[PDB]
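What follows is one structure encoded as structure tokens, with my remarks underneath.
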Amino acid sequence: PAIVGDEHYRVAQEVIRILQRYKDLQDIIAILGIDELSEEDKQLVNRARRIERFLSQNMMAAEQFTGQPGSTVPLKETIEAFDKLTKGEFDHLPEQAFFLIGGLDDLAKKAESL
Amino acid sequence: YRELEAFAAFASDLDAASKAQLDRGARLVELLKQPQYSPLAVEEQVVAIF
Amino acid sequence: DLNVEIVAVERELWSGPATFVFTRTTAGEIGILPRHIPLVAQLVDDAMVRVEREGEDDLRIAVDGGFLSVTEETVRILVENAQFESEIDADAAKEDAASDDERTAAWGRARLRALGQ
Amino acid sequence: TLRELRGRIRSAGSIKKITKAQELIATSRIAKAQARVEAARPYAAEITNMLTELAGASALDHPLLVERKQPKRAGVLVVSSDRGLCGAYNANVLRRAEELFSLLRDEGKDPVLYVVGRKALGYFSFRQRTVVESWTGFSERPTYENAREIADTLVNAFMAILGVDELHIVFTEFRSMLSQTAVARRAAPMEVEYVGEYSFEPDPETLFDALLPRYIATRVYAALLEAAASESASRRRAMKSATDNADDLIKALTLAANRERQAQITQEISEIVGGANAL
């Protein structure tokens, strides 16, 4: 936090915490599935999947493979988007709306698309 | 499809759109199925995939 | 002749043939023979049913808040909980007959009125 | 690492055995619950028949049959399992329940929760939505006593204390062993359906009033039995899925254990022959 700021650090640590809890639950996810978790952990997993997919991005170099053009997300927008994600502000959108999306505005666009 | 195929076997029911995707994939996979020693010229491959 | 179908909400209890069926409906005591006009009647809270059929002994049923439907062919008794006389624990009936709860007391009285008490 | 993989293999084998046993037990209990539904059907048919006759001889003005002037509140009876391992079952119910709420919210009626099942009770306890009353311990094997209690509470709330102007039941219909769908039914006010073309004692109106609560109790009982059968079917499917996942995990862990075993043998041979080749 002395370097990137506490707004950035807090969001990054919350994201890492959510993903670590998801990795810990991976065993139950593999055998039984999301359904048998506790409600707290179920919500955590449902937003952990969305955080994991939102970390994906349509890279510029990917244009030769996907055909889609690439996108650049400024750091402030990334911090705000992941802060919203960790707080649950996007738990209603489908998970696929986060694949290779690269931004809040384009996320809303794809959510409208689906 | 190949993710939806596994998902469907255990879901009680699926959306009409999901069933449409399943039925399209079950035909695409059969389309790509091909016998041995029977290569297709790109002229026939494009039509088959079409 | 009549075929008496005592059917509970959970399961069917009895479906044998019968010649006469007697029970205390909310309008008084009623007896039904074959070809009785179609009828629907609510049994009283402590209603008991007595079935007379060819050969076998009279069959007494404790009925909890049942309904009696005389039909062209079947007299169907729909019951919440129905107990034959053979299934009655007499001491339990005697104890329950004095219960404070109105429904429990009515059910105990129905069990007794079947028990011959 | 190989020790961890062997332990994981043992764990997955034990879980495979347990889930396989649960799958077979769930098949047997599907059979039992469906047999109970079949046993309960004839009473429902006959009570519906006599209700139709009474209605044909009734004014149809009982409160259960007429829409409140301004519905400001509505009851929702969510039927849910009291034990887990049923896969999406509870969620499929609960999601539908919330869908119904979104409708009720859009219609200006705030839902009031009545919950049957421990899982739905926890579901709502975490979302802090207050349940007025909850019943538990009979979703696996319901009895008409529980259904009568539920129906009496719901009907008393409808007649009313704040009370409700409407009540729905959300439960998982079992249509076939493959299909189990959460549906929401409005169980009051009932709508009269004129389908087109007897005596009563003392009068058909009093019999109608005494029978409508009984009919609602019977329908709640049928819904609970349907939910139990659907719960057992979902448990069978979820346990089959868990058994398949455990078998796949056992296969993957066996491949990993074999790779680690070969790697350890090769590493040991490398150390031994490096020591010989030095000496």
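When region D:1-41 is filtered for residues that are small (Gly, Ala, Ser) and either within 18 Å of D:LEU178 (Cα to Cα) or surrounded by 12 or more Cβ atoms within 10 Å (Cβ to Cβ) (or both), the ones remaining, listed by number, are D:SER11, D:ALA12, D:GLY13, D:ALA21, D:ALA26, D:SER28, D:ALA31, D:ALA33, D:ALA35, D:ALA39, D:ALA40.
Return yes when D:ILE250 is assigned to a helix (DSSP H, G or I) and loosely packed, with under 12 Cβ neighbours inside 10 Å and no when it is not. Judged against the criteria, D:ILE250 is not a match. Given the conditions (1) more than 28 Å from D:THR48 (Cα to Cα); (2) buried (at least 18 other Cβ atoms within 10 Å of the Cβ); (3) within 15 Å of the chain's Cα centre (by Cα), report the number of the one that C:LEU115 does not fulfil. All conditions pass for C:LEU115, except number (2). Flag set for D:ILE265, criterion: away from chain C (no Cβ under 14 Å) and in a helix (DSSP H, G or I). With respect to (1) over 23 Å from the mean Cα position of the chain (by Cα); (2) more than 14 Å from chain C (Cβ to nearest Cβ), the lone exception for D:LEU77 is condition (1). What is the one condition in (1) part of a helix (DSSP H, G or I); (2) buried (at least 16 other Cβ atoms within 10 Å of the Cβ); (3) within 14 Å of chain C (Cβ to nearest Cβ) that D:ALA45 does not satisfy? With respect to (1) part of a helix (DSSP H, G or I); (2) buried (at least 16 other Cβ atoms within 10 Å of the Cβ); (3) within 14 Å of chain C (Cβ to nearest Cβ), D:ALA45 is out only on (2).
Any residue at all in region A:34-49 that is basic (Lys, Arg), in contact with a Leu (Cβ under 9 Å, 6 or more places away or on another chain) and buried (at least 16 other Cβ atoms within 10 Å of the Cβ)? Yes, because at least one residue in region A:34-49 is basic (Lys, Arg), in contact with a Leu (Cβ under 9 Å, 6 or more places away or on another chain) and buried (at least 16 other Cβ atoms within 10 Å of the Cβ). Cβ separations smaller than 7 Å between residues 6+ apart or across chains give the following pairs from region C:35-58 residues that are within 21 Å of C:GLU72 (Cβ to Cβ) to residues that are part of a strand (DSSP E or B) and small (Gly, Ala, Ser): C:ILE37/D:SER199; C:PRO38/D:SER199; C:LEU39/D:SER199; C:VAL40/C:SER69; C:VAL51/C:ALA18; C:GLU52/C:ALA18; C:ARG53/C:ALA18. Selection of region D:154-184 for residues being among the charged types (D, E, K, R) and in contact with an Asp or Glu (Cβ under 9 Å, 6 or more places away or on another chain) yields D:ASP165, D:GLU166, D:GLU173. Of all residues in region D:187-207, those satisfying the criterion of being more than 8 Å from chain C (Cβ to nearest Cβ) and exposed (fewer than 15 other Cβ atoms within 10 Å of the Cβ) are D:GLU191, D:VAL192, D:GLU193, D:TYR194, D:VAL195, D:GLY196, D:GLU197, D:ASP203.
The numbered conditions (1) within 23 Å of D:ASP152 (Cβ to Cβ); (2) within 14 Å of chain D (Cβ to nearest Cβ); (3) in contact with a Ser or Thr (Cβ under 7 Å, 6 or more places away or on another chain); (4) not aliphatic (A, V, I, L, M) are all true for C:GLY66 except (3).
Here is a check on your reading of the model: is D:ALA210 within 14 Å of chain C (Cβ to nearest Cβ), within 30 Å of B:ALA8 (Cβ to Cβ) and of a type outside the set (D, E, K, R)? Working first, answer last.
Values: within 14 Å of chain C (Cβ to nearest Cβ): yes; within 30 Å of B:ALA8 (Cβ to Cβ): no; of a type outside the set (D, E, K, R): yes.
No, not satisfied.
No lab work stands behind these numbers, since they all come straight from the coordinates. In this analysis, Cβ positions are derived from the backbone assuming ideal geometry, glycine residues included, and neighbour counts consider all displayed protein chains.
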